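Input: a single structure, listed below in structure tokens.
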Amino acid sequence: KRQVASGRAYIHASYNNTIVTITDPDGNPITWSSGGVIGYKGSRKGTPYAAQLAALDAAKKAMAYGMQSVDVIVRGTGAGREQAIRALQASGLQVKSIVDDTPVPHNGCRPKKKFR
Amino acid sequence: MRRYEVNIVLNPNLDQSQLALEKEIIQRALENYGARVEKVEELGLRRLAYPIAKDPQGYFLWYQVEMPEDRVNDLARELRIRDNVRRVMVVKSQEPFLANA
Amino acid sequence: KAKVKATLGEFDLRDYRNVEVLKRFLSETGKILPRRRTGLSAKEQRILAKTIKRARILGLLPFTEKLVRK
Amino acid sequence: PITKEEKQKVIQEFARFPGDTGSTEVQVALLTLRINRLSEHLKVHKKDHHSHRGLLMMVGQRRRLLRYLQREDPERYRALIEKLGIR
RNA sequence: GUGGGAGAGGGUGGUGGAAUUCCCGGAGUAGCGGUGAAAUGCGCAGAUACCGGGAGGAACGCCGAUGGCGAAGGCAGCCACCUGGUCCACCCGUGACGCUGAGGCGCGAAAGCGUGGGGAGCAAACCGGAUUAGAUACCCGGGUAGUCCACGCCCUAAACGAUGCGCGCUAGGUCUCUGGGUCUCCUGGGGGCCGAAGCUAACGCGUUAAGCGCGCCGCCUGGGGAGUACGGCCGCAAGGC
Ligand SMILES: [Mg+2]
Ligand SMILES: [Mg+2]
Ligand SMILES: [Mg+2]
Ligand SMILES: [Mg+2]
Ligand SMILES: [Mg+2]
Ligand SMILES: [Mg+2]
Ligand SMILES: [Mg+2]
Ligand SMILES: [Mg+2]
Ligand SMILES: [Mg+2]
Ligand SMILES: [Mg+2]
Ligand SMILES: [Mg+2]
Ligand SMILES: [Mg+2]
Ligand SMILES: [Mg+2]
Ligand SMILES: [Mg+2]
Ligand SMILES: [Mg+2]
Ligand SMILES: [Mg+2]
Ligand SMILES: [Mg+2]
Ligand SMILES: [Mg+2]
Ligand SMILES: [Mg+2]
Ligand SMILES: [Mg+2]
Ligand SMILES: [Mg+2]
Ligand SMILES: [Mg+2]
Ligand SMILES: [Mg+2]
Ligand SMILES: [Mg+2]
Ligand SMILES: [Mg+2]
Ligand SMILES: [Mg+2]
Ligand SMILES: [Mg+2]
Ligand SMILES: [Mg+2]
Ligand SMILES: [Mg+2]
Ligand SMILES: [Mg+2]
Ligand SMILES: [Mg+2]
Ligand SMILES: [Mg+2]
Ligand SMILES: [Mg+2]
Ligand SMILES: [Mg+2]
Ligand SMILES: [Mg+2]
Ligand SMILES: [Mg+2]
Ligand SMILES: [Mg+2]
Ligand SMILES: [Mg+2]
């Protein structure tokens with residue numbers, strides 16, 4: 001019941017799944033959603049459709065939580081990283097500024113053999 | 001001896017007791033380590049790109065100097081021990097290489 | 001498009017403290033631009049690099065930023 | 001490092017006559033200055049191999065200039081040697 | 001010699017940011033993860049996603065190149081100090097002081113050994129989940145040595161340009177790094193690409209020779225047995241010559 005008006009939305013996206021997290025303008029979360037949240041089980045989870053549904057779910061949630069205008073930040077890559085974006089757009093939340101935050105490092109950690 | 005440029009970036013929230021004090025201890029480290037002073041420019045309060053010591057901005061100083069080479073590293077040991085100074089960068093001078101010239 | 005040095009005055013390519021200019025050599029994110037877009041040459045670019053990284057340490061030019069749109 | 005002062009003092013010291021820069025005596029002394037420098041470098045800094053290689057080549061040089069002198073003036077070479085501490 | 005120049009050449013102290021992990025805190029539920037699909041695995045002792053703070057190790061995105069330096073192995077954040085090599089210009093100094101180099105001596109990726117540290121990520125062996133007729137593998141989830149540091153050994157390799165070093169000679173064109181010029185261009189010095197003459201069994205090579213010559217060293221003499229056996233040396237061993 002924090003009744004929060006305008007806020008920020010993190011879209012994290014991997015090849016295995018997607019997750020939206022809605023949060024307050026200083027960053028503490030409000031609701032979150034994912035491919036497992038909505039009914040999806042396996043690989044099926046990282047489809048764009050599930051990303052649509054995920055976004056939409058977290059949108060409905062945050063809206064009944066009192067949201068209106070939203071600033072999006074995107075981390076990651078994989079199918080329907082964009083569908084979550086198209087979703088949040090038409091959600092009824094208003095899209096303020098979409099940003100891309102995907103963290104890349106300056107070469108610190110020796111990646112897993114799968115990733116080299 | 002050689003010619004260096006000493007950069008200092010220290011906390012912006014000081015007053016003039018503290019500003020006096022820190023600038024004087026800068027002097028002290030130079031006198032002690034034998035660095036004569038060519039110019040000085042105090043750039044002052046400027047907005048950094050990324051936060052240093054959690055701080056969104058900084059207070060900037062530039063001292064062109066000459067000094068005995070071999071102690072420049074200890075000179076920086078001392079300038080760094082100071083708590084209210086969060087960056088020191090000392091560099092030997094270069095001739096002004098131009099471009100679009 | 002046009003290169004960077006295509007509009008610029010005579011300027012110290014070794015002077016780190018000057019941000020107004022060095023800034024024109026970064027991208028939408030922090031990343032130093034490639035020769036193609038900075039219109040420099042070998043010794044040129046190669047200097048600009050060290051100039052820039054020197055300024056990044058002094059906290060003037062960013063090590064990175066974020067990207068709008070996307 | 002080494003500066004033109006240190007240089008000149010040495011040269012002018014070992015000159016066969018005013019102005020000579022390149023005669024054997026001079027090259028050997030100059031050499032020897034730089035040799036003894038690198039000695040003190042690799043006295044600490046023992047982990048520095050590439051500077052060491054450089055110094056090998058350096059001594060092989062001065063030794064070769066000496067072999068030149070000995071087969072040429074036995075005396076000037078003797079004077080050079082005793083003057084510089086060698087052998 | 002003097003005057004300039006380029007550089008991830010080396011060594012020592014120092015410091016900067018991104019990321020991973022981990023711990024502290026906040027906020028917030030029911031999943032996260034992972035794959036062709038899956039499961040193991042982690043999550044209600046509250047994970048995942050997010051925000052702030054801390055600790056620690058390793059490696060230095062963009063610049064970065066068909067680039068540079070090095071004798072080779074090899075070398076990449078920034079600063080500083082200690083140092084090696086190399087290039088151009090001047091044409092000043094010595095006056096053949098040269099080349100090569102059996103033997104010796106030192107350097108030599110990785111892995112590997114020893115004593116002492118260190119440990120984030122990765123990861124032989126190992127422990128589990130799968131996939132397949134089976135899985136002793138590829139795919140997944142853990143994980144120890146090790147990878148990092150100090151000192152001391154080991155001395156191998158597709159240590160590859162599969163091309164030993166030095167010098168002289170023999171059309172050009174083109175792209176590039178770095179000096180000097182009266183800077184459309186000329187002139188040194190590195191790096192590539194086409195191609196004269198010539199060479200080659202062909203492929204190809206062609207002023208960075210595999211062309212024309214000279215000097216010196218190394219090495220070869222059908223395949224297997226075999227880089228085995230024996231002997232010697234070296235090595236703590238593994239093992240090397
Ligand atoms: Mg999945
Ligand atoms: Mg401090
Ligand atoms: Mg010189
Ligand atoms: Mg270096
Ligand atoms: Mg170094
Ligand atoms: Mg960190
Ligand atoms: Mg917690
Ligand atoms: Mg359980
Ligand atoms: Mg339990
Ligand atoms: Mg954090
Ligand atoms: Mg720890
Ligand atoms: Mg690249
Ligand atoms: Mg190689
Ligand atoms: Mg040098
Ligand atoms: Mg002459
Ligand atoms: Mg004469
Ligand atoms: Mg004669
Ligand atoms: Mg070795
Ligand atoms: Mg090793
Ligand atoms: Mg060990
Ligand atoms: Mg692992
Ligand atoms: Mg099985
Ligand atoms: Mg594995
Ligand atoms: Mg063969
Ligand atoms: Mg031959
Ligand atoms: Mg070379
Ligand atoms: Mg050429
Ligand atoms: Mg050519
Ligand atoms: Mg060809
Ligand atoms: Mg022909
Ligand atoms: Mg044919
Ligand atoms: Mg030739
Ligand atoms: Mg030849
Ligand atoms: Mg036989
Ligand atoms: Mg063998
Ligand atoms: Mg026998
Ligand atoms: Mg024995
Ligand atoms: Mg073996």
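For the structure tokens, the naming scheme is as follows: chains receive sequential letters (A, B, ...) according to their order of presentation, residues are indexed from 1 within each chain, and ligands are indexed from 1 in presentation order.
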TODO: Enumerate as a ChimeraX atom specification the residues belonging to chain A that approach chain E to within 7 Å, with only C-alpha atoms (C1' of nucleotides) taken into account.
DONE: /A:19,21,27-31,36,104-112
Could the residues in this selection be saved with C-alpha atoms as a compact mmCIF listing (two decimals), in the first residue's frame?
# COMPACT_ATOMS: atom_id res chain seq x y z
CA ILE A 19 12.48 -10.92 -15.27
CA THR A 21 11.15 -5.90 -11.42
CA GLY A 27 15.57 1.71 -6.41
CA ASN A 28 13.88 -0.41 -3.74
CA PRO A 29 11.70 -2.99 -5.53
CA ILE A 30 7.90 -3.08 -5.55
CA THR A 31 6.81 -6.11 -7.57
CA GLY A 36 8.21 -18.98 -14.03
CA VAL A 104 30.22 -5.77 -19.50
CA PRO A 105 33.45 -6.08 -17.65
CA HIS A 106 36.94 -4.66 -18.30
CA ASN A 107 38.14 -8.33 -18.45
CA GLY A 108 38.26 -9.51 -14.86
CA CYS A 109 36.86 -12.96 -14.56
CA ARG A 110 37.85 -15.97 -16.49
CA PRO A 111 34.71 -17.01 -18.20
CA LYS A 112 33.25 -20.48 -18.11
Residue D:87 environment, 12 Å, only C-alpha atoms (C1' of nucleotides), sequence neighbours closer than 4 positions dropped, as a compact mmCIF listing (two decimals) with N, CA, C and O atoms, in the first residue's frame:
# COMPACT_ATOMS: atom_id res chain seq x y z
N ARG D 63 85.72 -5.94 -24.22
CA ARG D 63 86.74 -6.95 -24.36
C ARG D 63 87.28 -6.93 -25.80
O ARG D 63 88.47 -7.10 -26.03
N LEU D 66 89.62 -4.00 -26.34
CA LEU D 66 90.85 -4.30 -25.69
C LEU D 66 91.70 -5.27 -26.50
O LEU D 66 92.88 -5.04 -26.63
N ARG D 78 98.03 -1.23 -21.69
CA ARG D 78 98.38 -1.39 -20.29
C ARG D 78 97.91 -0.21 -19.46
O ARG D 78 97.31 -0.38 -18.41
N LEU D 80 95.56 1.96 -20.06
CA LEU D 80 94.11 1.91 -20.00
C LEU D 80 93.63 0.99 -18.89
O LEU D 80 92.87 1.40 -18.00
N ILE D 81 94.11 -0.24 -18.96
CA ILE D 81 93.77 -1.23 -17.97
C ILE D 81 94.08 -0.77 -16.57
O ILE D 81 93.17 -0.68 -15.75
N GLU D 82 95.33 -0.44 -16.27
CA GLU D 82 95.65 -0.09 -14.89
C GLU D 82 94.85 1.15 -14.43
O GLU D 82 94.33 1.19 -13.31
N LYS D 83 94.69 2.12 -15.31
CA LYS D 83 93.90 3.29 -15.01
C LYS D 83 92.47 2.95 -14.58
O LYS D 83 91.91 3.62 -13.73
At a cut-off of 9 Å and counting only C-alpha atoms (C1' of nucleotides) and all ligand atoms, what residues surround ligand 5? Please answer as a PDB file with C-alpha atoms (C1' of nucleotides), in the first residue's frame.
ATOM      1  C1'   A E   8      52.208  -3.790 -24.680  1.00  0.00           C
ATOM      2  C1'   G E   9      61.376  -4.367 -24.378  1.00  0.00           C
ATOM      3  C1'   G E  10      62.619  -5.496 -18.993  1.00  0.00           C
ATOM      4  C1'   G E  11      62.707  -4.629 -13.515  1.00  0.00           C
TER       5        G E  11
END
Taking only residues of chain B that have an atom at most 12 Å from an atom of chain D, what is each one's shortest atom pair and its distance in Å to one decimal, using only C-alpha atoms, in chain and number order, as CSV?
residue,atom,partner,partner_atom,distance
B:1,CA,D:3,CA,11.5
B:69,CA,D:1,CA,10.8
B:70,CA,D:1,CA,11.2
Environment of ligand 38 within 10 Å, counting only C-alpha atoms (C1' of nucleotides) and all ligand atoms, reported as a PDB file with N, CA and C atoms (P, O5', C5', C4', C3', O3' and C1' of nucleotides), in the first residue's frame:
ATOM      1  P     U E 156      65.302 -29.004 -23.563  1.00  0.00           P
ATOM      2  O5'   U E 156      64.325 -30.243 -23.675  1.00  0.00           O
ATOM      3  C5'   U E 156      63.467 -30.359 -24.784  1.00  0.00           C
ATOM      4  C4'   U E 156      62.037 -30.625 -24.380  1.00  0.00           C
ATOM      5  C3'   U E 156      61.004 -30.211 -25.400  1.00  0.00           C
ATOM      6  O3'   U E 156      60.867 -31.151 -26.428  1.00  0.00           O
ATOM      7  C1'   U E 156      60.327 -29.470 -23.278  1.00  0.00           C
ATOM      8  P     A E 238      61.112 -40.649 -11.783  1.00  0.00           P
ATOM      9  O5'   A E 238      60.112 -39.704 -12.541  1.00  0.00           O
ATOM     10  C5'   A E 238      58.724 -39.807 -12.297  1.00  0.00           C
ATOM     11  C4'   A E 238      57.981 -38.677 -12.934  1.00  0.00           C
ATOM     12  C3'   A E 238      58.165 -38.525 -14.426  1.00  0.00           C
ATOM     13  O3'   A E 238      57.403 -39.465 -15.183  1.00  0.00           O
ATOM     14  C1'   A E 238      58.397 -36.429 -13.398  1.00  0.00           C
ATOM     15  P     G E 239      58.122 -40.427 -16.278  1.00  0.00           P
ATOM     16  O5'   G E 239      59.287 -39.510 -16.846  1.00  0.00           O
ATOM     17  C5'   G E 239      59.229 -38.946 -18.143  1.00  0.00           C
ATOM     18  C4'   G E 239      60.049 -37.698 -18.186  1.00  0.00           C
ATOM     19  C3'   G E 239      61.171 -37.658 -19.207  1.00  0.00           C
ATOM     20  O3'   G E 239      60.734 -37.353 -20.512  1.00  0.00           O
ATOM     21  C1'   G E 239      61.979 -36.932 -17.131  1.00  0.00           C
ATOM     22  P     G E 240      61.554 -37.898 -21.774  1.00  0.00           P
ATOM     23  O5'   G E 240      62.648 -36.767 -21.997  1.00  0.00           O
ATOM     24  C5'   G E 240      62.275 -35.401 -21.963  1.00  0.00           C
ATOM     25  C4'   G E 240      63.459 -34.486 -21.741  1.00  0.00           C
ATOM     26  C3'   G E 240      64.630 -34.684 -22.675  1.00  0.00           C
ATOM     27  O3'   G E 240      64.431 -34.057 -23.933  1.00  0.00           O
ATOM     28  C1'   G E 240      65.410 -34.487 -20.442  1.00  0.00           C
TER      29        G E 240
END
TODO: Name the residues of chain A that come out as strand (DSSP E or B) in a backbone DSSP run; write them as a PyMOL selection string.
DONE: chain A and resi 5-13+18-23+29-34+67-76+94-100
Export C-alpha atoms of the chosen residues as a compact mmCIF listing (two decimals), in the first residue's frame?
# COMPACT_ATOMS: atom_id res chain seq x y z
CA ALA A 5 2.92 6.85 -8.70
CA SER A 6 5.98 7.30 -10.95
CA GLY A 7 8.78 4.73 -10.80
CA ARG A 8 11.48 2.61 -12.45
CA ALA A 9 11.41 -0.89 -14.07
CA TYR A 10 14.29 -3.30 -14.49
CA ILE A 11 14.15 -5.76 -17.30
CA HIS A 12 16.74 -8.47 -16.93
CA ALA A 13 16.97 -10.91 -19.86
CA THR A 18 13.27 -12.93 -18.42
CA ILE A 19 12.48 -10.92 -15.27
CA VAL A 20 10.87 -7.55 -14.75
CA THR A 21 11.15 -5.90 -11.42
CA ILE A 22 9.25 -2.73 -10.69
CA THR A 23 10.79 -0.46 -8.12
CA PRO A 29 11.70 -2.99 -5.53
CA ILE A 30 7.90 -3.08 -5.55
CA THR A 31 6.81 -6.11 -7.57
CA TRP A 32 8.56 -8.52 -9.78
CA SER A 33 7.63 -11.09 -12.45
CA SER A 34 9.15 -13.77 -14.72
CA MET A 67 1.99 3.04 -10.59
CA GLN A 68 1.65 5.50 -13.50
CA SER A 69 4.79 6.71 -15.34
CA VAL A 70 7.77 4.36 -15.72
CA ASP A 71 11.53 4.65 -16.56
CA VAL A 72 12.87 1.43 -17.97
CA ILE A 73 16.34 0.04 -17.67
CA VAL A 74 17.44 -3.04 -19.64
CA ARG A 75 20.15 -5.54 -18.70
CA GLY A 76 21.00 -8.57 -20.81
CA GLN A 94 3.81 5.33 -19.62
CA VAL A 95 7.35 4.74 -20.89
CA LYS A 96 9.62 7.62 -19.86
CA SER A 97 13.20 6.76 -20.91
CA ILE A 98 14.44 3.35 -22.00
CA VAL A 99 18.06 2.81 -21.07
CA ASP A 100 20.54 -0.02 -21.76
Task: Selection near residue E:189, 9 Å with only C-alpha atoms (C1' of nucleotides), sequence-local residues under 6 positions removed, as a ChimeraX atom specification - done: /E:87-88,178-179
Output of the above residues as a PDB file, in the first residue's frame, restricted to C-alpha atoms (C1' of nucleotides):
ATOM      1  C1'   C E  87      66.268   4.162 -35.816  1.00  0.00           C
ATOM      2  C1'   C E  88      67.261   8.866 -38.410  1.00  0.00           C
ATOM      3  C1'   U E 178      58.560   5.268 -37.623  1.00  0.00           C
ATOM      4  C1'   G E 179      62.690   9.186 -38.547  1.00  0.00           C
TER       5        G E 179
END
Task: Within 8 Å of ligand 14 (only C-alpha atoms (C1' of nucleotides) and all ligand atoms), residues as an MDAnalysis selection string - done: chainID E and resid 83:85
Write the residues you've just listed into a file as a PDB file, in the first residue's frame, and include N, CA, C and O atoms (P, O5', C5', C4', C3', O3' and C1' of nucleotides) for each of them.
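selection_9.pdb, written as the output of this step:
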ATOM      1  P     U E  83      69.614   4.080 -14.420  1.00  0.00           P
ATOM      2  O5'   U E  83      69.189   2.919 -15.418  1.00  0.00           O
ATOM      3  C5'   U E  83      70.096   1.874 -15.709  1.00  0.00           C
ATOM      4  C4'   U E  83      69.437   0.708 -16.391  1.00  0.00           C
ATOM      5  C3'   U E  83      69.436   0.723 -17.897  1.00  0.00           C
ATOM      6  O3'   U E  83      70.688   0.445 -18.471  1.00  0.00           O
ATOM      7  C1'   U E  83      67.338   0.039 -17.147  1.00  0.00           C
ATOM      8  P     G E  84      71.033   1.080 -19.895  1.00  0.00           P
ATOM      9  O5'   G E  84      71.005  -0.195 -20.857  1.00  0.00           O
ATOM     10  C5'   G E  84      70.854  -1.509 -20.324  1.00  0.00           C
ATOM     11  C4'   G E  84      70.272  -2.475 -21.333  1.00  0.00           C
ATOM     12  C3'   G E  84      70.366  -2.062 -22.795  1.00  0.00           C
ATOM     13  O3'   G E  84      71.639  -2.290 -23.371  1.00  0.00           O
ATOM     14  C1'   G E  84      68.173  -2.782 -22.348  1.00  0.00           C
ATOM     15  P     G E  85      72.184  -1.324 -24.542  1.00  0.00           P
ATOM     16  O5'   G E  85      71.264  -1.731 -25.781  1.00  0.00           O
ATOM     17  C5'   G E  85      71.369  -3.030 -26.344  1.00  0.00           C
ATOM     18  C4'   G E  85      70.152  -3.408 -27.153  1.00  0.00           C
ATOM     19  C3'   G E  85      69.973  -2.695 -28.486  1.00  0.00           C
ATOM     20  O3'   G E  85      70.759  -3.240 -29.524  1.00  0.00           O
ATOM     21  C1'   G E  85      67.955  -2.617 -27.303  1.00  0.00           C
TER      22        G E  85
END
Site check for ligand 29: residues at most 12 Å away, only C-alpha atoms (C1' of nucleotides) and all ligand atoms, as a PDB file with N, CA and C atoms (P, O5', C5', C4', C3', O3' and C1' of nucleotides), in the first residue's frame:
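Result went into selection_32.pdb, see below:
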ATOM      1  P     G E 192      55.260  -9.104 -41.504  1.00  0.00           P
ATOM      2  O5'   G E 192      54.721  -8.317 -42.788  1.00  0.00           O
ATOM      3  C5'   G E 192      54.309  -9.006 -43.963  1.00  0.00           C
ATOM      4  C4'   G E 192      52.947  -8.559 -44.424  1.00  0.00           C
ATOM      5  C3'   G E 192      52.538  -8.983 -45.830  1.00  0.00           C
ATOM      6  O3'   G E 192      52.055 -10.317 -45.878  1.00  0.00           O
ATOM      7  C1'   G E 192      52.098  -6.700 -45.547  1.00  0.00           C
ATOM      8  P     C E 193      52.260 -11.249 -47.179  1.00  0.00           P
ATOM      9  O5'   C E 193      51.513 -10.436 -48.301  1.00  0.00           O
ATOM     10  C5'   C E 193      50.109 -10.289 -48.256  1.00  0.00           C
ATOM     11  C4'   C E 193      49.626  -9.408 -49.366  1.00  0.00           C
ATOM     12  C3'   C E 193      49.926  -9.894 -50.760  1.00  0.00           C
ATOM     13  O3'   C E 193      49.048 -10.911 -51.175  1.00  0.00           O
ATOM     14  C1'   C E 193      50.386  -7.593 -50.601  1.00  0.00           C
ATOM     15  P     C E 194      49.485 -11.899 -52.341  1.00  0.00           P
ATOM     16  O5'   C E 194      49.124 -11.053 -53.642  1.00  0.00           O
ATOM     17  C5'   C E 194      49.595 -11.446 -54.915  1.00  0.00           C
ATOM     18  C4'   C E 194      49.560 -10.308 -55.899  1.00  0.00           C
ATOM     19  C3'   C E 194      50.455 -10.477 -57.115  1.00  0.00           C
ATOM     20  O3'   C E 194      49.860 -11.258 -58.121  1.00  0.00           O
ATOM     21  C1'   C E 194      50.756  -8.322 -56.205  1.00  0.00           C
ATOM     22  P     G E 195      50.557 -12.609 -58.581  1.00  0.00           P
ATOM     23  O5'   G E 195      51.904 -12.084 -59.279  1.00  0.00           O
ATOM     24  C5'   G E 195      51.895 -11.608 -60.629  1.00  0.00           C
ATOM     25  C4'   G E 195      52.889 -10.476 -60.853  1.00  0.00           C
ATOM     26  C3'   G E 195      54.336 -10.888 -61.174  1.00  0.00           C
ATOM     27  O3'   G E 195      54.544 -11.195 -62.558  1.00  0.00           O
ATOM     28  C1'   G E 195      54.333  -9.208 -59.480  1.00  0.00           C
ATOM     29  P     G E 204      49.878 -21.434 -55.576  1.00  0.00           P
ATOM     30  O5'   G E 204      50.519 -20.943 -54.218  1.00  0.00           O
ATOM     31  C5'   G E 204      51.570 -20.000 -54.219  1.00  0.00           C
ATOM     32  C4'   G E 204      52.811 -20.560 -53.587  1.00  0.00           C
ATOM     33  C3'   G E 204      53.946 -19.570 -53.385  1.00  0.00           C
ATOM     34  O3'   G E 204      53.839 -18.874 -52.167  1.00  0.00           O
ATOM     35  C1'   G E 204      54.756 -21.436 -54.516  1.00  0.00           C
ATOM     36  P     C E 205      54.122 -17.310 -52.129  1.00  0.00           P
ATOM     37  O5'   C E 205      55.694 -17.247 -52.318  1.00  0.00           O
ATOM     38  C5'   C E 205      56.552 -17.947 -51.445  1.00  0.00           C
ATOM     39  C4'   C E 205      57.986 -17.711 -51.784  1.00  0.00           C
ATOM     40  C3'   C E 205      58.370 -16.277 -52.142  1.00  0.00           C
ATOM     41  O3'   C E 205      58.496 -15.413 -51.020  1.00  0.00           O
ATOM     42  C1'   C E 205      59.297 -17.719 -53.710  1.00  0.00           C
ATOM     43  P     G E 206      58.218 -13.825 -51.186  1.00  0.00           P
ATOM     44  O5'   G E 206      59.038 -13.445 -52.484  1.00  0.00           O
ATOM     45  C5'   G E 206      60.333 -12.893 -52.369  1.00  0.00           C
ATOM     46  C4'   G E 206      61.013 -12.769 -53.699  1.00  0.00           C
ATOM     47  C3'   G E 206      60.768 -11.474 -54.417  1.00  0.00           C
ATOM     48  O3'   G E 206      61.580 -10.444 -53.940  1.00  0.00           O
ATOM     49  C1'   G E 206      60.434 -13.245 -55.908  1.00  0.00           C
ATOM     50  P     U E 208      63.064  -5.402 -48.787  1.00  0.00           P
ATOM     51  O5'   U E 208      62.864  -6.741 -47.943  1.00  0.00           O
ATOM     52  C5'   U E 208      63.867  -7.191 -47.041  1.00  0.00           C
ATOM     53  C4'   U E 208      63.491  -8.499 -46.377  1.00  0.00           C
ATOM     54  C3'   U E 208      62.960  -9.606 -47.316  1.00  0.00           C
ATOM     55  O3'   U E 208      63.400 -10.910 -46.851  1.00  0.00           O
ATOM     56  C1'   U E 208      61.380  -9.158 -45.616  1.00  0.00           C
ATOM     57  P     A E 209      64.764 -11.621 -47.388  1.00  0.00           P
ATOM     58  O5'   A E 209      64.289 -12.379 -48.693  1.00  0.00           O
ATOM     59  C5'   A E 209      63.286 -13.382 -48.621  1.00  0.00           C
ATOM     60  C4'   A E 209      63.540 -14.522 -49.597  1.00  0.00           C
ATOM     61  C3'   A E 209      64.941 -15.153 -49.550  1.00  0.00           C
ATOM     62  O3'   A E 209      64.826 -16.557 -49.657  1.00  0.00           O
ATOM     63  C1'   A E 209      64.355 -14.659 -51.748  1.00  0.00           C
ATOM     64  P     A E 210      64.369 -17.435 -48.416  1.00  0.00           P
ATOM     65  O5'   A E 210      64.546 -18.877 -49.023  1.00  0.00           O
ATOM     66  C5'   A E 210      65.649 -19.153 -49.881  1.00  0.00           C
ATOM     67  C4'   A E 210      65.228 -19.818 -51.163  1.00  0.00           C
ATOM     68  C3'   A E 210      64.901 -18.872 -52.280  1.00  0.00           C
ATOM     69  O3'   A E 210      65.190 -19.527 -53.517  1.00  0.00           O
ATOM     70  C1'   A E 210      62.982 -20.108 -51.750  1.00  0.00           C
TER      71        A E 210
END
TODO: Check chain B with DSSP on the backbone and list each residue it calls alpha helix (DSSP H), as a PyMOL selection string.
DONE: chain B and resi 16-33+72-81
Task: Contacts of ligand 30, 9 Å or closer, only C-alpha atoms (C1' of nucleotides) and all ligand atoms, given as a PyMOL selection string - done: chain E and resi 196-199
Open item on the list: Using only C-alpha atoms (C1' of nucleotides) and all ligand atoms, which residues have at least one atom no more than 12 Å from ligand 3? Output them as a PyMOL selection string.
Closed with: (chain D and resi 2-4+7) or (chain E and resi 1-5+86-88)
TODO: Considering only C-alpha atoms, extract the chain C residues located within 10 Å of chain B and return them as number ranges by chain.
DONE: C: 5-15, 17, 30, 40, 44, 47, 54, 56-65
Task: Exercise: residue B:84 partners within 8 Å, only C-alpha atoms (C1' of nucleotides), chain neighbours under 4 positions left out, as a list in words - done: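 Listing them by chain and then by number gives residues 10, 11 and 22 of chain B.
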TODO: Would you list the residues that come within 12 Å of ligand 31? Count only C-alpha atoms (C1' of nucleotides) and all ligand atoms and give the answer as a list in words.
DONE: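 Checking only C-alpha atoms (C1' of nucleotides) and all ligand atoms against ligand 31 at 12 Å gives residues 200, 201, 202, 203 and 204 of chain E.
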Based on the selection just made, write N, CA, C and O atoms (P, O5', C5', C4', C3', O3' and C1' of nucleotides) of those residues as a PDB file, in the first residue's frame.
ATOM      1  P     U E 200      65.736 -24.706 -60.366  1.00  0.00           P
ATOM      2  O5'   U E 200      64.354 -25.072 -59.698  1.00  0.00           O
ATOM      3  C5'   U E 200      64.339 -25.389 -58.330  1.00  0.00           C
ATOM      4  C4'   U E 200      62.962 -25.554 -57.793  1.00  0.00           C
ATOM      5  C3'   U E 200      62.097 -26.549 -58.491  1.00  0.00           C
ATOM      6  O3'   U E 200      62.458 -27.864 -58.164  1.00  0.00           O
ATOM      7  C1'   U E 200      60.864 -24.631 -57.941  1.00  0.00           C
ATOM      8  P     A E 201      62.622 -28.956 -59.311  1.00  0.00           P
ATOM      9  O5'   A E 201      61.149 -29.070 -59.885  1.00  0.00           O
ATOM     10  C5'   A E 201      60.844 -30.012 -60.902  1.00  0.00           C
ATOM     11  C4'   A E 201      59.537 -30.698 -60.641  1.00  0.00           C
ATOM     12  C3'   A E 201      58.409 -29.780 -60.254  1.00  0.00           C
ATOM     13  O3'   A E 201      57.774 -29.203 -61.377  1.00  0.00           O
ATOM     14  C1'   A E 201      58.546 -31.511 -58.701  1.00  0.00           C
ATOM     15  P     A E 202      57.873 -27.620 -61.629  1.00  0.00           P
ATOM     16  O5'   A E 202      56.571 -27.089 -60.879  1.00  0.00           O
ATOM     17  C5'   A E 202      55.284 -27.299 -61.450  1.00  0.00           C
ATOM     18  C4'   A E 202      54.283 -27.842 -60.453  1.00  0.00           C
ATOM     19  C3'   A E 202      53.689 -26.839 -59.484  1.00  0.00           C
ATOM     20  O3'   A E 202      52.574 -26.159 -60.041  1.00  0.00           O
ATOM     21  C1'   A E 202      54.485 -28.687 -58.285  1.00  0.00           C
ATOM     22  P     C E 203      52.392 -24.566 -59.847  1.00  0.00           P
ATOM     23  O5'   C E 203      52.069 -24.437 -58.304  1.00  0.00           O
ATOM     24  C5'   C E 203      50.806 -24.835 -57.815  1.00  0.00           C
ATOM     25  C4'   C E 203      50.813 -25.022 -56.330  1.00  0.00           C
ATOM     26  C3'   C E 203      51.032 -23.766 -55.517  1.00  0.00           C
ATOM     27  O3'   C E 203      49.849 -23.012 -55.376  1.00  0.00           O
ATOM     28  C1'   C E 203      52.398 -25.502 -54.693  1.00  0.00           C
ATOM     29  P     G E 204      49.878 -21.434 -55.576  1.00  0.00           P
ATOM     30  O5'   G E 204      50.519 -20.943 -54.218  1.00  0.00           O
ATOM     31  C5'   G E 204      51.570 -20.000 -54.219  1.00  0.00           C
ATOM     32  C4'   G E 204      52.811 -20.560 -53.587  1.00  0.00           C
ATOM     33  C3'   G E 204      53.946 -19.570 -53.385  1.00  0.00           C
ATOM     34  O3'   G E 204      53.839 -18.874 -52.167  1.00  0.00           O
ATOM     35  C1'   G E 204      54.756 -21.436 -54.516  1.00  0.00           C
TER      36        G E 204
END
- [ ] Name each residue within 8 Å of ligand 26, counting only C-alpha atoms (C1' of nucleotides) and all ligand atoms, as number ranges by chain.
- [x] E: 69-70, 190
